[PDB]
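Source file final.pdb; content: PDB, C-alpha atoms and all ligand atoms.
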```pdb
ATOM      1  CA  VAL G   1     152.768 115.066 104.915  1.00  0.00           C
ATOM      2  CA  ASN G   2     150.244 113.848 107.502  1.00  0.00           C
ATOM      3  CA  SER G   3     149.367 110.544 109.170  1.00  0.00           C
ATOM      4  CA  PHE G   4     146.084 109.789 107.374  1.00  0.00           C
ATOM      5  CA  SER G   5     146.317 106.396 105.643  1.00  0.00           C
ATOM      6  CA  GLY G   6     144.316 104.521 103.020  1.00  0.00           C
ATOM      7  CA  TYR G   7     142.279 107.406 101.578  1.00  0.00           C
ATOM      8  CA  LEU G   8     141.208 107.745  97.969  1.00  0.00           C
ATOM      9  CA  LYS G   9     142.066 111.185  96.567  1.00  0.00           C
ATOM     10  CA  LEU G  10     139.023 112.823  94.976  1.00  0.00           C
ATOM     11  CA  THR G  11     140.441 116.303  94.261  1.00  0.00           C
ATOM     12  CA  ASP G  12     143.414 118.489  95.152  1.00  0.00           C
ATOM     13  CA  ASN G  13     142.146 118.698  98.752  1.00  0.00           C
ATOM     14  CA  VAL G  14     139.404 116.083  99.408  1.00  0.00           C
ATOM     15  CA  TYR G  15     140.110 112.474 100.398  1.00  0.00           C
ATOM     16  CA  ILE G  16     137.588 109.726 101.201  1.00  0.00           C
ATOM     17  CA  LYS G  17     137.646 106.360 102.983  1.00  0.00           C
ATOM     18  CA  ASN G  18     135.249 103.695 104.269  1.00  0.00           C
ATOM     19  CA  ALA G  19     135.922 104.049 107.993  1.00  0.00           C
ATOM     20  CA  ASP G  20     134.453 104.496 111.473  1.00  0.00           C
ATOM     21  CA  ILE G  21     135.267 108.096 112.411  1.00  0.00           C
ATOM     22  CA  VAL G  22     135.597 107.143 116.091  1.00  0.00           C
ATOM     23  CA  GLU G  23     138.262 104.519 115.404  1.00  0.00           C
ATOM     24  CA  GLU G  24     139.960 106.801 112.870  1.00  0.00           C
ATOM     25  CA  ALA G  25     140.148 109.696 115.341  1.00  0.00           C
ATOM     26  CA  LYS G  26     141.528 107.388 118.034  1.00  0.00           C
ATOM     27  CA  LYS G  27     144.273 106.223 115.655  1.00  0.00           C
ATOM     28  CA  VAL G  28     145.252 109.523 114.027  1.00  0.00           C
ATOM     29  CA  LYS G  29     144.503 111.945 116.887  1.00  0.00           C
ATOM     30  CA  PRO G  30     143.964 114.708 114.310  1.00  0.00           C
ATOM     31  CA  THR G  31     144.127 118.388 115.096  1.00  0.00           C
ATOM     32  CA  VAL G  32     140.415 118.693 114.229  1.00  0.00           C
ATOM     33  CA  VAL G  33     137.630 116.117 114.164  1.00  0.00           C
ATOM     34  CA  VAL G  34     134.273 117.337 112.856  1.00  0.00           C
ATOM     35  CA  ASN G  35     131.093 116.383 114.686  1.00  0.00           C
ATOM     36  CA  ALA G  36     127.722 116.155 112.937  1.00  0.00           C
ATOM     37  CA  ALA G  37     126.107 118.362 115.581  1.00  0.00           C
ATOM     38  CA  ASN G  38     122.664 119.818 116.185  1.00  0.00           C
ATOM     39  CA  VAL G  39     122.023 123.360 117.404  1.00  0.00           C
ATOM     40  CA  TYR G  40     121.567 122.177 121.007  1.00  0.00           C
ATOM     41  CA  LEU G  41     124.721 120.034 120.946  1.00  0.00           C
ATOM     42  CA  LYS G  42     122.644 117.059 122.125  1.00  0.00           C
ATOM     43  CA  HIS G  43     124.857 114.194 120.993  1.00  0.00           C
ATOM     44  CA  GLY G  44     122.316 111.397 120.945  1.00  0.00           C
ATOM     45  CA  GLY G  45     122.857 109.339 117.831  1.00  0.00           C
ATOM     46  CA  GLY G  46     124.589 109.158 114.517  1.00  0.00           C
ATOM     47  CA  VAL G  47     128.166 110.385 114.430  1.00  0.00           C
ATOM     48  CA  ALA G  48     127.515 112.704 117.383  1.00  0.00           C
ATOM     49  CA  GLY G  49     126.317 109.932 119.672  1.00  0.00           C
ATOM     50  CA  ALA G  50     129.278 107.752 118.706  1.00  0.00           C
ATOM     51  CA  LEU G  51     131.884 110.475 119.279  1.00  0.00           C
ATOM     52  CA  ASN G  52     130.335 111.446 122.596  1.00  0.00           C
ATOM     53  CA  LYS G  53     130.235 107.812 123.753  1.00  0.00           C
ATOM     54  CA  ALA G  54     133.933 107.456 122.923  1.00  0.00           C
ATOM     55  CA  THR G  55     134.658 110.443 125.224  1.00  0.00           C
ATOM     56  CA  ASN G  56     132.793 108.765 128.112  1.00  0.00           C
ATOM     57  CA  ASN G  57     130.190 111.607 127.923  1.00  0.00           C
ATOM     58  CA  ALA G  58     132.804 114.340 128.494  1.00  0.00           C
ATOM     59  CA  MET G  59     131.841 115.877 125.134  1.00  0.00           C
ATOM     60  CA  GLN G  60     128.218 116.166 126.307  1.00  0.00           C
ATOM     61  CA  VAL G  61     129.205 117.697 129.666  1.00  0.00           C
ATOM     62  CA  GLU G  62     131.341 120.322 127.919  1.00  0.00           C
ATOM     63  CA  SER G  63     128.606 120.941 125.351  1.00  0.00           C
ATOM     64  CA  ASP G  64     125.922 121.497 127.989  1.00  0.00           C
ATOM     65  CA  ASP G  65     128.063 124.189 129.593  1.00  0.00           C
ATOM     66  CA  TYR G  66     128.643 125.773 126.166  1.00  0.00           C
ATOM     67  CA  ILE G  67     124.888 125.944 125.475  1.00  0.00           C
ATOM     68  CA  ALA G  68     124.084 127.242 128.957  1.00  0.00           C
ATOM     69  CA  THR G  69     126.491 130.134 128.324  1.00  0.00           C
ATOM     70  CA  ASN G  70     125.953 130.846 124.624  1.00  0.00           C
ATOM     71  CA  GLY G  71     122.600 129.429 123.570  1.00  0.00           C
ATOM     72  CA  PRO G  72     122.024 127.224 120.539  1.00  0.00           C
ATOM     73  CA  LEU G  73     124.067 127.276 117.376  1.00  0.00           C
ATOM     74  CA  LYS G  74     122.600 128.296 114.025  1.00  0.00           C
ATOM     75  CA  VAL G  75     121.812 125.718 111.368  1.00  0.00           C
ATOM     76  CA  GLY G  76     124.840 126.072 109.104  1.00  0.00           C
ATOM     77  CA  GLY G  77     126.983 127.247 112.020  1.00  0.00           C
ATOM     78  CA  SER G  78     129.686 125.746 114.192  1.00  0.00           C
ATOM     79  CA  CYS G  79     131.716 126.028 117.347  1.00  0.00           C
ATOM     80  CA  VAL G  80     135.165 124.778 118.348  1.00  0.00           C
ATOM     81  CA  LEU G  81     135.316 122.735 121.547  1.00  0.00           C
ATOM     82  CA  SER G  82     137.734 120.199 122.979  1.00  0.00           C
ATOM     83  CA  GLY G  83     138.540 117.033 121.076  1.00  0.00           C
ATOM     84  CA  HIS G  84     138.891 115.175 124.402  1.00  0.00           C
ATOM     85  CA  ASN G  85     140.661 111.824 123.851  1.00  0.00           C
ATOM     86  CA  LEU G  86     139.898 111.815 120.104  1.00  0.00           C
ATOM     87  CA  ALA G  87     141.552 114.947 118.673  1.00  0.00           C
ATOM     88  CA  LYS G  88     142.992 118.255 119.788  1.00  0.00           C
ATOM     89  CA  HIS G  89     139.758 120.053 118.858  1.00  0.00           C
ATOM     90  CA  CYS G  90     136.242 119.099 117.847  1.00  0.00           C
ATOM     91  CA  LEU G  91     134.546 121.359 115.304  1.00  0.00           C
ATOM     92  CA  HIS G  92     130.812 120.901 115.946  1.00  0.00           C
ATOM     93  CA  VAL G  93     129.097 121.720 112.640  1.00  0.00           C
ATOM     94  CA  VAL G  94     125.323 121.853 112.169  1.00  0.00           C
ATOM     95  CA  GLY G  95     124.197 120.696 108.764  1.00  0.00           C
ATOM     96  CA  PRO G  96     120.482 120.895 107.990  1.00  0.00           C
ATOM     97  CA  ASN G  97     118.410 117.932 109.165  1.00  0.00           C
ATOM     98  CA  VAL G  98     116.006 117.059 106.344  1.00  0.00           C
ATOM     99  CA  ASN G  99     113.951 114.996 108.787  1.00  0.00           C
ATOM    100  CA  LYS G 100     113.223 118.316 110.563  1.00  0.00           C
ATOM    101  CA  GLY G 101     112.342 120.197 107.360  1.00  0.00           C
ATOM    102  CA  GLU G 102     115.501 122.316 107.356  1.00  0.00           C
ATOM    103  CA  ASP G 103     116.717 124.030 104.193  1.00  0.00           C
ATOM    104  CA  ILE G 104     119.260 121.948 102.270  1.00  0.00           C
ATOM    105  CA  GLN G 105     120.857 125.100 100.811  1.00  0.00           C
ATOM    106  CA  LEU G 106     122.335 125.625 104.298  1.00  0.00           C
ATOM    107  CA  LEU G 107     124.588 122.629 103.631  1.00  0.00           C
ATOM    108  CA  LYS G 108     127.033 124.857 101.752  1.00  0.00           C
ATOM    109  CA  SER G 109     127.137 127.277 104.694  1.00  0.00           C
ATOM    110  CA  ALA G 110     127.816 124.326 107.012  1.00  0.00           C
ATOM    111  CA  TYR G 111     130.775 123.152 104.923  1.00  0.00           C
ATOM    112  CA  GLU G 112     132.199 126.702 104.794  1.00  0.00           C
ATOM    113  CA  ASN G 113     133.106 126.278 108.474  1.00  0.00           C
ATOM    114  CA  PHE G 114     135.717 123.708 107.414  1.00  0.00           C
ATOM    115  CA  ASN G 115     137.700 126.437 105.616  1.00  0.00           C
ATOM    116  CA  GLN G 116     138.765 127.897 108.971  1.00  0.00           C
ATOM    117  CA  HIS G 117     140.942 124.807 109.593  1.00  0.00           C
ATOM    118  CA  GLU G 118     143.891 123.674 107.502  1.00  0.00           C
ATOM    119  CA  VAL G 119     143.252 119.918 107.934  1.00  0.00           C
ATOM    120  CA  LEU G 120     140.173 118.072 109.234  1.00  0.00           C
ATOM    121  CA  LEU G 121     138.788 114.587 109.735  1.00  0.00           C
ATOM    122  CA  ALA G 122     135.088 114.804 108.932  1.00  0.00           C
ATOM    123  CA  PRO G 123     131.835 112.997 108.118  1.00  0.00           C
ATOM    124  CA  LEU G 124     129.565 113.904 105.241  1.00  0.00           C
ATOM    125  CA  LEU G 125     127.391 116.666 106.653  1.00  0.00           C
ATOM    126  CA  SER G 126     123.636 116.048 106.723  1.00  0.00           C
ATOM    127  CA  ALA G 127     124.120 112.383 105.739  1.00  0.00           C
ATOM    128  CA  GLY G 128     122.935 109.404 107.753  1.00  0.00           C
ATOM    129  CA  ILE G 129     120.153 110.224 110.215  1.00  0.00           C
ATOM    130  CA  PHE G 130     120.150 113.871 109.058  1.00  0.00           C
ATOM    131  CA  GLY G 131     118.349 112.602 105.955  1.00  0.00           C
ATOM    132  CA  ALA G 132     120.198 114.240 103.057  1.00  0.00           C
ATOM    133  CA  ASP G 133     121.493 112.558  99.905  1.00  0.00           C
ATOM    134  CA  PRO G 134     125.136 111.621 100.643  1.00  0.00           C
ATOM    135  CA  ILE G 135     126.096 111.970  96.971  1.00  0.00           C
ATOM    136  CA  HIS G 136     124.850 115.556  97.143  1.00  0.00           C
ATOM    137  CA  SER G 137     126.669 116.137 100.427  1.00  0.00           C
ATOM    138  CA  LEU G 138     129.934 114.934  98.884  1.00  0.00           C
ATOM    139  CA  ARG G 139     129.402 117.210  95.877  1.00  0.00           C
ATOM    140  CA  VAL G 140     128.817 120.247  98.102  1.00  0.00           C
ATOM    141  CA  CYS G 141     131.875 119.311 100.171  1.00  0.00           C
ATOM    142  CA  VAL G 142     134.152 119.149  97.127  1.00  0.00           C
ATOM    143  CA  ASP G 143     132.743 122.397  95.715  1.00  0.00           C
ATOM    144  CA  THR G 144     132.942 124.317  99.033  1.00  0.00           C
ATOM    145  CA  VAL G 145     135.851 123.104 101.157  1.00  0.00           C
ATOM    146  CA  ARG G 146     139.265 124.383 100.076  1.00  0.00           C
ATOM    147  CA  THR G 147     141.278 123.125 103.053  1.00  0.00           C
ATOM    148  CA  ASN G 148     142.417 119.504 103.362  1.00  0.00           C
ATOM    149  CA  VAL G 149     139.512 117.271 104.376  1.00  0.00           C
ATOM    150  CA  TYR G 150     139.675 113.544 105.119  1.00  0.00           C
ATOM    151  CA  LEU G 151     136.144 112.147 104.848  1.00  0.00           C
ATOM    152  CA  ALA G 152     135.130 108.999 106.736  1.00  0.00           C
ATOM    153  CA  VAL G 153     132.088 107.183 105.311  1.00  0.00           C
ATOM    154  CA  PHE G 154     130.968 104.510 107.791  1.00  0.00           C
ATOM    155  CA  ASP G 155     128.739 102.456 105.498  1.00  0.00           C
ATOM    156  CA  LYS G 156     130.974 100.323 103.261  1.00  0.00           C
ATOM    157  CA  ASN G 157     128.129  99.926 100.797  1.00  0.00           C
ATOM    158  CA  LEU G 158     127.676 103.695 100.885  1.00  0.00           C
ATOM    159  CA  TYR G 159     131.422 104.284 100.500  1.00  0.00           C
ATOM    160  CA  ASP G 160     131.553 102.128  97.372  1.00  0.00           C
ATOM    161  CA  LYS G 161     128.582 103.958  95.877  1.00  0.00           C
ATOM    162  CA  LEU G 162     130.133 107.346  96.677  1.00  0.00           C
ATOM    163  CA  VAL G 163     133.392 106.442  94.938  1.00  0.00           C
ATOM    164  CA  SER G 164     131.829 104.847  91.858  1.00  0.00           C
ATOM    165  CA  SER G 165     129.481 107.793  91.255  1.00  0.00           C
ATOM    166  CA  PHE G 166     131.994 110.591  91.880  1.00  0.00           C
ATOM    167  CA  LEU G 167     132.377 113.007  88.991  1.00  0.00           C
TER     168      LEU G 167
HETATM  169  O1  LIG G 201     125.271 110.277 108.678  1.00  0.00           O
HETATM  170  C1  LIG G 201     125.944 109.089 108.369  1.00  0.00           C
HETATM  171  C2  LIG G 201     125.425 107.978 109.283  1.00  0.00           C
HETATM  172  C3  LIG G 201     126.543 107.711 110.317  1.00  0.00           C
HETATM  173  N1  LIG G 201     127.784 108.444 109.909  1.00  0.00           N
HETATM  174  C4  LIG G 201     129.106 108.127 110.347  1.00  0.00           C
HETATM  175  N2  LIG G 201     130.173 108.494 109.577  1.00  0.00           N
HETATM  176  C5  LIG G 201     131.474 108.196 109.960  1.00  0.00           C
HETATM  177  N3  LIG G 201     131.818 107.561 111.069  1.00  0.00           N
HETATM  178  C6  LIG G 201     130.779 107.195 111.867  1.00  0.00           C
HETATM  179  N4  LIG G 201     130.846 106.550 113.040  1.00  0.00           N
HETATM  180  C7  LIG G 201     129.634 106.325 113.599  1.00  0.00           C
HETATM  181  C8  LIG G 201     128.683 106.857 112.734  1.00  0.00           C
HETATM  182  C9  LIG G 201     129.379 107.435 111.583  1.00  0.00           C
HETATM  183  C10 LIG G 201     127.478 109.265 108.710  1.00  0.00           C
END
```

Will you turn the file into structure tokens for me?
Ligand SMILES: O[C@@H]1CCN(c2ncnc3[nH]ccc23)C1
Amino acid sequence: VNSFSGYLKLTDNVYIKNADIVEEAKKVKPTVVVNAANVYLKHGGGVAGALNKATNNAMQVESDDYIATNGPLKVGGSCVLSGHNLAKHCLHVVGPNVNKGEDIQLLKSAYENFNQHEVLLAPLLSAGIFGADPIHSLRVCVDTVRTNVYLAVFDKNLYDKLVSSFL
């Protein structure tokens, strides 16, 4: 039993809700919140910009030190950093950005990072400003993640479409 509330159950392990991931994280304080990161951990917009703003830029400060030490992530890769005031940990995961011409097959690799964590709050990878089809992202999520994932879909209109089209 966990403290996530109001989710629709899609499969044995995937749950979905129309919600703002920032406000959800602040309420639940999950062990792991997933960020929709880029390889440089430049949290400008989308989910990343919103999470960083909620940390008063502490996420960006920590991220800049991470990059200075380690260099960029790989597309499809991830790193674990602090969750600041939002969660114990933040798993920064880089899904392909279609608006940069990145390979969509890497979306499965991106979701595989979730399997290293027993429970996560997460967005649909590569959705929103990353330019992928959210229905496809949800399909890859369900077919790749085996751990317990609580998906927050910000757009209510998008949430309703995701539920009604789910196979
Ligand atoms: O890529 C799409 C576009 C934005 N996005 C989000 N998902 C869940 N919570 C969020 N809060 C702020 C943005 C956001 C997914």

Residue neighbourhood residue 17 in chain G, 10 Å, only C-alpha atoms, exclusion window fewer than 4 positions, as a PDB file with C-alpha atoms, in the frame of the given file:
```pdb
ATOM      1  CA  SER G   5     146.317 106.396 105.643  1.00  0.00           C
ATOM      2  CA  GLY G   6     144.316 104.521 103.020  1.00  0.00           C
ATOM      3  CA  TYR G   7     142.279 107.406 101.578  1.00  0.00           C
ATOM      4  CA  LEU G   8     141.208 107.745  97.969  1.00  0.00           C
ATOM      5  CA  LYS G   9     142.066 111.185  96.567  1.00  0.00           C
ATOM      6  CA  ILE G  21     135.267 108.096 112.411  1.00  0.00           C
ATOM      7  CA  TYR G 150     139.675 113.544 105.119  1.00  0.00           C
ATOM      8  CA  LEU G 151     136.144 112.147 104.848  1.00  0.00           C
ATOM      9  CA  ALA G 152     135.130 108.999 106.736  1.00  0.00           C
ATOM     10  CA  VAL G 153     132.088 107.183 105.311  1.00  0.00           C
ATOM     11  CA  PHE G 154     130.968 104.510 107.791  1.00  0.00           C
ATOM     12  CA  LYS G 156     130.974 100.323 103.261  1.00  0.00           C
ATOM     13  CA  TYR G 159     131.422 104.284 100.500  1.00  0.00           C
ATOM     14  CA  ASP G 160     131.553 102.128  97.372  1.00  0.00           C
ATOM     15  CA  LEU G 162     130.133 107.346  96.677  1.00  0.00           C
ATOM     16  CA  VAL G 163     133.392 106.442  94.938  1.00  0.00           C
TER      17      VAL G 163
END
```

For residue 140 in chain G, find every residue with an atom within 12 Å (counting only C-alpha atoms), except residues of its own chain fewer than 2 positions away, and show them as a PDB file with C-alpha atoms, in the frame of the given file.
```
ATOM      1  CA  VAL G  14     139.404 116.083  99.408  1.00  0.00           C
ATOM      2  CA  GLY G  95     124.197 120.696 108.764  1.00  0.00           C
ATOM      3  CA  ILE G 104     119.260 121.948 102.270  1.00  0.00           C
ATOM      4  CA  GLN G 105     120.857 125.100 100.811  1.00  0.00           C
ATOM      5  CA  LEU G 106     122.335 125.625 104.298  1.00  0.00           C
ATOM      6  CA  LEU G 107     124.588 122.629 103.631  1.00  0.00           C
ATOM      7  CA  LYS G 108     127.033 124.857 101.752  1.00  0.00           C
ATOM      8  CA  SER G 109     127.137 127.277 104.694  1.00  0.00           C
ATOM      9  CA  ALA G 110     127.816 124.326 107.012  1.00  0.00           C
ATOM     10  CA  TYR G 111     130.775 123.152 104.923  1.00  0.00           C
ATOM     11  CA  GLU G 112     132.199 126.702 104.794  1.00  0.00           C
ATOM     12  CA  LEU G 124     129.565 113.904 105.241  1.00  0.00           C
ATOM     13  CA  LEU G 125     127.391 116.666 106.653  1.00  0.00           C
ATOM     14  CA  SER G 126     123.636 116.048 106.723  1.00  0.00           C
ATOM     15  CA  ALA G 127     124.120 112.383 105.739  1.00  0.00           C
ATOM     16  CA  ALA G 132     120.198 114.240 103.057  1.00  0.00           C
ATOM     17  CA  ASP G 133     121.493 112.558  99.905  1.00  0.00           C
ATOM     18  CA  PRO G 134     125.136 111.621 100.643  1.00  0.00           C
ATOM     19  CA  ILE G 135     126.096 111.970  96.971  1.00  0.00           C
ATOM     20  CA  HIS G 136     124.850 115.556  97.143  1.00  0.00           C
ATOM     21  CA  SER G 137     126.669 116.137 100.427  1.00  0.00           C
ATOM     22  CA  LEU G 138     129.934 114.934  98.884  1.00  0.00           C
ATOM     23  CA  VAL G 142     134.152 119.149  97.127  1.00  0.00           C
ATOM     24  CA  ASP G 143     132.743 122.397  95.715  1.00  0.00           C
ATOM     25  CA  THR G 144     132.942 124.317  99.033  1.00  0.00           C
ATOM     26  CA  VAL G 145     135.851 123.104 101.157  1.00  0.00           C
ATOM     27  CA  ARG G 146     139.265 124.383 100.076  1.00  0.00           C
ATOM     28  CA  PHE G 166     131.994 110.591  91.880  1.00  0.00           C
TER      29      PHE G 166
END
```

inquiry  = Can you translate the PyMOL selection byres (((chain G and resi 38) around 9) and not hetatm) into the concrete residues it hits in this file, as a ChimeraX atom specification?
reply    = /G:36-37,39-43,48,72-75,92-97

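The residues returned by the PyMOL selection byres (((chain G and resi 29) around 10) and not hetatm) on the shown structure are residues 3, 4, 23, 24, 25, 26, 27, 28, 30, 31, 32, 33, 83, 84, 85, 86, 87, 88, 89 and 121 of chain G.
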
message = The residues within 8 Å of (123.2, 109.1, 111.8), using all atoms listed in the file and the coordinates of the file, should be reported as a VMD selection string; which are they?
response = chain G and resid 45 to 48 127 to 130

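Applied to the file shown here, the PyMOL selection byres (((chain G and resi 55) around 10) and not hetatm) selects residues 22, 50, 51, 52, 53, 54, 56, 57, 58, 59, 60, 83, 84, 85 and 86 of chain G.
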
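What separates atom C7 of ligand LIG 201 (chain G) from CA of residue 149 in chain G is a distance of 17.4 Å.
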
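For the residues G:158, G:1, G:61, G:119, ranking by smallest atom-to-atom distance to ligand LIG 201 (chain G) using all atoms listed in the file places G:158 first.
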
ask   = Given the choices G:103, G:118, G:155, G:12, which gets closest to residue 76 in chain G if the distance is worked out from all atoms listed in the file?
value =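 Distance minimum relative to residue 76 in chain G lands on G:103.
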
task = Measuring atom to atom with only C-alpha atoms and all ligand atoms, identify which of G:65, G:114, G:77, G:123 is nearest to ligand LIG 201 (chain G).
result =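 Between G:65, G:114, G:77, G:123, the residue approaching ligand LIG 201 (chain G) most closely is G:123.
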
request  = Between CA of residue 141 in chain G and atom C6 of ligand LIG 201 (chain G), measure the distance and give it in Å to one decimal.
outcome  = 16.9 Å

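Taking CA of residue 147 in chain G as the reference point, CA of residue 116 in chain G is found at 8.0 Å.
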
With 4 Å added on each side, what axis-aligned box encloses every listed atom of ligand LIG 201 (chain G)? Give the centre and edge lengths in Å to one decimal, as lines of an AutoDock Vina configuration file.
```
center_x = 128.5
center_y = 108.3
center_z = 111.0
size_x = 14.5
size_y = 12.0
size_z = 13.2
```

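Distance check against ligand LIG 201 (chain G) using all atoms listed in the file: of G:131, G:167, G:100, G:64, the minimum falls on G:131.
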
key: Nearest residue to ligand LIG 201 (chain G) from the set G:122, G:11, G:69, G:91 (distances using all atoms listed in the file)   =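 Under the stated criterion, the closest residue is G:122.
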
Among the residues G:10, G:16, G:68, G:81, the one that comes closest to ligand LIG 201 (chain G) [using all atoms listed in the file] =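 Going through G:10, G:16, G:68, G:81 one by one, the smallest distance to ligand LIG 201 (chain G) is for G:16.
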